[PDB]
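Peer 1: Below: one structure in structure tokens.
Heads up, the Cβs are rebuilt from the backbone with ideal geometry, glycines too, and the neighbour counts pull from every protein chain shown. Quick note: the coordinates plus some simple rules give every number you see, no bench work behind them.
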Amino acid sequence: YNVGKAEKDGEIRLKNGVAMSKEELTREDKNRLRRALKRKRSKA
Amino acid sequence: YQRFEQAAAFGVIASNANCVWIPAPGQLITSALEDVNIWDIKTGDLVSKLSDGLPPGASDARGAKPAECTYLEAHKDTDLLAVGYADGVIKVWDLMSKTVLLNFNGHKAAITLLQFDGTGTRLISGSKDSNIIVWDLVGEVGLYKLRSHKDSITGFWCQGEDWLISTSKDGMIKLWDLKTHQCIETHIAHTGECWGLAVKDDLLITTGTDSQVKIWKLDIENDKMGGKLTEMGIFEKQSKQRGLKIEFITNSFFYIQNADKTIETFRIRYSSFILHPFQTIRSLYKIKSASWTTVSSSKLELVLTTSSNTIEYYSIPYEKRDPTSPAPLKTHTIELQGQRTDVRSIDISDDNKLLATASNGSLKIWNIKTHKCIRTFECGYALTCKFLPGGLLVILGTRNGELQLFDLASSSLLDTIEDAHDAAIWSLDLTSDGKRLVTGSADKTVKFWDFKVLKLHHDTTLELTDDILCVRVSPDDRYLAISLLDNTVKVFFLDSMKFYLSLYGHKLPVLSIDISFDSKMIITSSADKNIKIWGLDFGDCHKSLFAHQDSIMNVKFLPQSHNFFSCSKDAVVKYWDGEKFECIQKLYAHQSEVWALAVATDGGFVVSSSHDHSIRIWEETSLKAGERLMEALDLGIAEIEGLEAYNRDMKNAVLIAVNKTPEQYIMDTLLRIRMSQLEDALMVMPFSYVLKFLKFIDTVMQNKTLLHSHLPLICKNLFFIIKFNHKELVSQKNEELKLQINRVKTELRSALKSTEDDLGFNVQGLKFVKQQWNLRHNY
Amino acid sequence: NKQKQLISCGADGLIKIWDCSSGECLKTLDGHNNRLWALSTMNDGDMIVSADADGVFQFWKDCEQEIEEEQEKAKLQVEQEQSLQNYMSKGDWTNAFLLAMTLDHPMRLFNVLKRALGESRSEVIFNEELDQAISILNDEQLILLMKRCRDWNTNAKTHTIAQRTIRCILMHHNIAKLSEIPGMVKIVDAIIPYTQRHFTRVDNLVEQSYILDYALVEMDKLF
């Protein structure tokens, strides 16, 4: 059992097991998550 | 090389903010562009205006349009007027001394709502971004920052120093506490946004988008959701336009100001049971803001300001049963210092008697020395103007095919040559003596007129293949330049119309021509965002100059040399030299499209009407891990032993700043440490700090919840520190250390056995579940 | 009858309706099978009647009650979001857990369980009403909770909460139920080996607690 990106688009699931809904977040948290996913995509 | 800045500002009556009314009717505060206007109502004269210390376009000026005043509110008892600008700065003026004294900046966009309790000496501000801030004045700081909405804050209300209610451009209403300091209640009010909100002590009235207004009740009932807010009544059909501002009045009425040139005053005595539509008030302009005033409940007196520079007043006598009047009473109108519509042409006399004409035909004569009007005339949609020096007369070319002339001394209509052209006449120039007029008109026609002594008579017309935009006659009266609909500037000899020369290469229609005093340089401006300077001796392009991001609207020369001015739609006036071809100065006065430009005939002041009714007279003159652990150890354990000595007697700034008990402080820096440095950082410290570490660990074993929060980190550090300093620790002799180690051992063993028991129960039960299901449903 | 959404019958056997000013088909109705011949509208109750070559017929009618239901759904969701935020502020972690299970917010759920364990650190596994809620939970609620506990068990720092919740589930649910719940065996098989890993690691830490015991014994022997 590995972990991957979760099934629902309303949730994000990182590789360390945590799961974050796209609704219970704050705006700056949404911003930093987008920035992290952006720099990961830019490296890939 | 000089420096010119502005010296006046006309037509600045009604900017984009809310009027604030003052009793003695009494005077009225409204917003000017980059300023605040105050005036009496029986007279209508500008009492005072409060601007900043730098005039725009100076040395200290910045390459950005200044933020306009978008909201303001004043306390008349304390006489403090707070003002909020478009960038999110909150200034505040006194009215007796007439100066700003302290400023704040916590927002990022325009400031929508401002309210302040001078009895609480605090100021609540909700801007176009999501945060509501509360500043305090005698503390001169932001006490906190309330933020749970997402779009803006459009409706806003406060109760004492205890409660708040706020609604936004996403239609949810949030009841906020102030003690518990958080959003508690939200209810989605309307489907779309929720513009307007007005709170009486029992009911609150909230309007949305399609005349849907709602009437709810407030209470301090202690349920989680009930009591504090209800969904009691819904009233509709006030208008078809969205409501914008609701305000209550009682000596039993309120009013709703919409966006369809209408306010509706209602009376309170299901929606038909409670409410009572008292009457309507209708104006001919799109209204902006309003405030009430009443005495003895026998009359209703409202102050209104529109989108256009009109300040209207309203009065209705009544008897608490009947509005008594089919229409209100406009006992005060203030227009004359404004233009009432967007200006389209400006001219300057040799006397420097300024001339401004606009969409009304409302030609207004101004002057520099008095900054007021002389007289106005009206002729319809007038486009271009001209000052005639002989007699100092004025001529207007319109969008209707008609050409008019007015006089500064006698009445308006001395002559009006109508049916002059089929389509609109766009530009108009005059020979330097004043004998021949020439007009360029959208019939592709260049009509030349003589000045008969008075009347005008077209001595000829010229027919072109393309539509016409601009026409300019030489100051030496040699050439006549026509900017067509295509990228074409045809230059004719004036004496015989010989089609002398042609200029091409703009890719867009040329919107302005100017030629030099000695008639060698022709400067041309199109919507192509670059100005083209040409030599007319050979029709050659001396230069091109990209500037003015939107479109260079108008270019004017100086009568002394080749130095010109360019004004655009993107609100920047650039002053260039035509021999060095570099912008000397870059003025950022106003913010809308700089429609009309006019340079002084001799002086150097320039006037520049914007779209927002702006007339501008420009006149010239780090530790390491181990170390940080060691010092945090010192601070925390010093606090711990001091507490212990104080407890036996009963028998830090960083601590009280971060608000952590010292055990949690030490555990926080242990969390902050990194493992790959934790090895060396634990090996470094001496045995005194080792003994201090064990005392801290015993304190955590007392404070069990932190232990079960961070069991593996604590155990790893403890086992490594005792394995490292094992020899000296067993060499020492300390009975208190013996008891400390005994307690630490018992509690660590108990906690680890507990979590081991949980893990074992879980793995046995799940193995049984898997075995039972496999023996059951596997074939 | 609304005179905006013009309707079209169709010989494929179906109806498609569109806003007249749009130019794009709004909705698609596929009741009839083979063909479609007769199509009429009633105005006062805007009811579309349809007939095909077969002897089968149908009536159709728009409803704004779905719009009302969606507005009520959004209103309810926002209401209980605020109730959850207030409970996360003050306490009543049983109610906070109920709201979190309805709302599917695993971060706030994890924080609720962390606070519950920390305050239940003083049989009893949690707050007793929280235990009753876990006993009450639905089967789909159990599947969702066990998936989240599977991930929290994957992470080595959340395994304590994972094991406590799983032990509470086993103590307050039928093992017959947990065997007959579909798709749970994959979750349990995923859960088990990580639990064994954490078990061996905790055993090692107990051994080093006995190392502490040795240090005490030797110090007393010298003393």
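Peer 1: Condition first: under 25 Å from B:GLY226 (Cα atoms), out of contact with any strand residue (DSSP E or B) (no Cβ under 9 Å at 6 or more places or on another chain) and within 13 Å of another protein chain (Cβ to nearest Cβ). Can you find one or more residues in segment C:148-158 that meet it? Give the derivation first.
Peer 2: Residues of segment C:148-158 that are under 25 Å from B:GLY226 (Cα atoms), as a first pass: none.
Taking every residue of segment C:148-158 in turn, none turns out to be under 25 Å from B:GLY226 (Cα atoms), out of contact with any strand residue (DSSP E or B) (no Cβ under 9 Å at 6 or more places or on another chain) and within 13 Å of another protein chain (Cβ to nearest Cβ).
Peer 1: Name the one entry in B:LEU204, B:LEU175 that is within 13 Å of another protein chain (Cβ to nearest Cβ), outside any loop (DSSP other than H, G, I, E, B) and among the hydrophobic types (A, V, I, L, M, F, W, C).
Peer 2: On the way: B:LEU204 fails: within 13 Å of another protein chain (Cβ to nearest Cβ).
B:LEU175 is the lone residue from the list that is within 13 Å of another protein chain (Cβ to nearest Cβ), outside any loop (DSSP other than H, G, I, E, B) and among the hydrophobic types (A, V, I, L, M, F, W, C).
Peer 1: Just checking, which of B:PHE235, B:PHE248, B:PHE254 is touching a helix residue (DSSP H, G or I) at 6+ places or on another chain (Cβ under 8 Å), more than 14 Å from chain C (Cβ to nearest Cβ) and hydrophobic (A, V, I, L, M, F, W, C)? Even if it seems obvious, please write down each step before you answer.
Peer 2: Numbers: B:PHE248 fails: touching a helix residue (DSSP H, G or I) at 6+ places or on another chain (Cβ under 8 Å); B:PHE254 fails: touching a helix residue (DSSP H, G or I) at 6+ places or on another chain (Cβ under 8 Å).
Checking each option against the conditions leaves just B:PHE235.
Peer 1: Can you name the number of the only condition in (1) more than 14 Å from chain C (Cβ to nearest Cβ); (2) under 28 Å from B:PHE235 (Cβ atoms) that B:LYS98 fails?
Peer 2: (2)
Peer 1: If a residue has to be more than 22 Å from C:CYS149 (Cβ to Cβ) and surrounded by fewer than 20 Cβ atoms within 10 Å (Cβ to Cβ) to count, how many in segment B:747-763 make the cut?
Peer 2: So the first thing to find is which residues in segment B:747-763 are more than 22 Å from C:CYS149 (Cβ to Cβ), and the list is B:747-750, B:753.
Those still in the list that are surrounded by fewer than 20 Cβ atoms within 10 Å (Cβ to Cβ) too: B:747, B:749-750, B:753.
Selection size over segment B:747-763: 4.
Peer 1: Report whether or not C:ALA133 is within 11 Å of another protein chain (Cβ to nearest Cβ), over 18 Å from B:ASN762 (Cβ atoms) and assigned to a helix (DSSP H, G or I).
Peer 2: Values: within 11 Å of another protein chain (Cβ to nearest Cβ): no; over 18 Å from B:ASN762 (Cβ atoms): yes; assigned to a helix (DSSP H, G or I): yes.
No.
Peer 1: Give segment B:257-293 a look and list any residue that's over 14 Å from B:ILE205 (Cβ atoms), assigned to a strand (DSSP E or B) and of a type in the set (D, E, K, R), or say none.
Peer 2: If the condition is that a residue be over 14 Å from B:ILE205 (Cβ atoms), assigned to a strand (DSSP E or B) and of a type in the set (D, E, K, R), then B:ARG282, B:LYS288 are the ones that fit.
Peer 1: Next question, about the same structure. For the condition among the aliphatic types (A, V, I, L, M) and within 15 Å of B:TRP195 (Cβ to Cβ), what is the one hit in B:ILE246, B:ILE234, B:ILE274? Walk me through it before giving the result.
Peer 2: Working: B:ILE234 fails: within 15 Å of B:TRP195 (Cβ to Cβ); B:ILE274 fails: within 15 Å of B:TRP195 (Cβ to Cβ).
B:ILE246 is the lone residue from the list that is among the aliphatic types (A, V, I, L, M) and within 15 Å of B:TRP195 (Cβ to Cβ).
Peer 1: Continuing with the same structure: If a residue counts only when it is within 22 Å of B:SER609 (Cα to Cα), which strands (runs of 3 or more DSSP E) contained entirely in segment B:456-561 have at least 1 such residues?
Peer 2: Working: elements: B:468-473, B:479-484, B:488-493, B:501-504, B:510-515, B:521-526, B:530-535, B:540-546, B:552-557.
Counting at least 1 such residues, we get B:468-473, B:510-515, B:521-526, B:530-535, B:552-557.
Peer 1: Being more than 17 Å from B:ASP634 (Cα to Cα) and hydrophobic (A, V, I, L, M, F, W, C) narrows it down to one of B:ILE673, B:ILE666, B:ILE697, B:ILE722, so name that one. Outline the logic, then answer.
Peer 2: On the way: B:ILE673 fails: more than 17 Å from B:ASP634 (Cα to Cα); B:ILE666 fails: more than 17 Å from B:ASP634 (Cα to Cα); B:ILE697 fails: more than 17 Å from B:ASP634 (Cα to Cα).
Sole residue among the options that is more than 17 Å from B:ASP634 (Cα to Cα) and hydrophobic (A, V, I, L, M, F, W, C): B:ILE722.
Peer 1: Let me ask something else about it. Part of a helix (DSSP H, G or I) and more than 10 Å from every other protein chain (Cβ to nearest Cβ): does that describe B:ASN717?
Peer 2: Against the criterion (part of a helix (DSSP H, G or I) and more than 10 Å from every other protein chain (Cβ to nearest Cβ)), B:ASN717 qualifies.
Peer 1: Which of the residues belonging to segment B:722-754 are in a loop (DSSP other than H, G, I, E, B) and at the interface with another protein chain (Cβ under 7 Å from one of its Cβ atoms)?
Peer 2: As a first pass, look at segment B:722-754 and keep what is in a loop (DSSP other than H, G, I, E, B): B:725, B:732-734.
Passing the criteria: only B:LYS733.
Peer 1: Another question, if that's okay. Write out, first by first residue and then by second, each pair whose Cβ atoms fall under 9 Å of each other, whose residues are 6+ apart or on separate chains, and whose first residue, in segment B:758-779, is more than 7 Å from chain C (Cβ to nearest Cβ) and assigned to a helix (DSSP H, G or I) while the second is hydroxyl-bearing (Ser, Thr, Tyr) and buried (at least 18 other Cβ atoms within 10 Å of the Cβ).
Peer 2: B:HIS777/C:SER179
Peer 1: Might you let me know whether segment C:172-182 holds any residue that is surrounded by 18 or more Cβ atoms within 10 Å (Cβ to Cβ) and within 11 Å of chain A (Cβ to nearest Cβ)?
Peer 2: no
Peer 1: Working carefully through the options C:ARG164, C:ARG197, find the one that is basic (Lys, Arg), closer than 15 Å to B:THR755 by Cβ, in a helix (DSSP H, G or I) and away from chain A (no Cβ under 14 Å).
Peer 2: Values: C:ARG197 fails: away from chain A (no Cβ under 14 Å).
C:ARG164 is the lone residue from the list that is basic (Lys, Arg), closer than 15 Å to B:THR755 by Cβ, in a helix (DSSP H, G or I) and away from chain A (no Cβ under 14 Å).
Peer 1: Which of the residues belonging to segment B:3-25 are polar (S, T, N, Q) and within 30 Å of B:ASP60 (Cα to Cα)? Can you show your working first?
Peer 2: Going residue by residue through segment B:3-25, those that are polar (S, T, N, Q) are B:6, B:15-16, B:18.
Hits for segment B:3-25 are B:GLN6, B:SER15, B:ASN16.
Peer 1: Name the single residue that is farthest from the other protein chains (Cβ to nearest Cβ) among those in segment B:178-198 being in a loop (DSSP other than H, G, I, E, B) and surrounded by 19 or more Cβ atoms within 10 Å (Cβ to Cβ). Explain how you work it out, then say what you get.
Peer 2: Kept after step one, since they are in a loop (DSSP other than H, G, I, E, B), are these residues of segment B:178-198: B:178-182, B:189-195.
Cutting the leftovers down to surrounded by 19 or more Cβ atoms within 10 Å (Cβ to Cβ) gives us B:189-190, B:193-195.
Details: B:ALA189: 10, B:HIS190: 10, B:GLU193: 14, B:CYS194: 13, B:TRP195: 19 Å.
Here the residue is B:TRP195.
Peer 1: Among the listed residues B:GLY208, B:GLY233, identify the single one that is surrounded by fewer than 19 Cβ atoms within 10 Å (Cβ to Cβ) and more than 25 Å from B:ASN309 (Cβ to Cβ).
Peer 2: Working: B:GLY208 fails: surrounded by fewer than 19 Cβ atoms within 10 Å (Cβ to Cβ).
Only one candidate passes the filter, namely B:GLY233.
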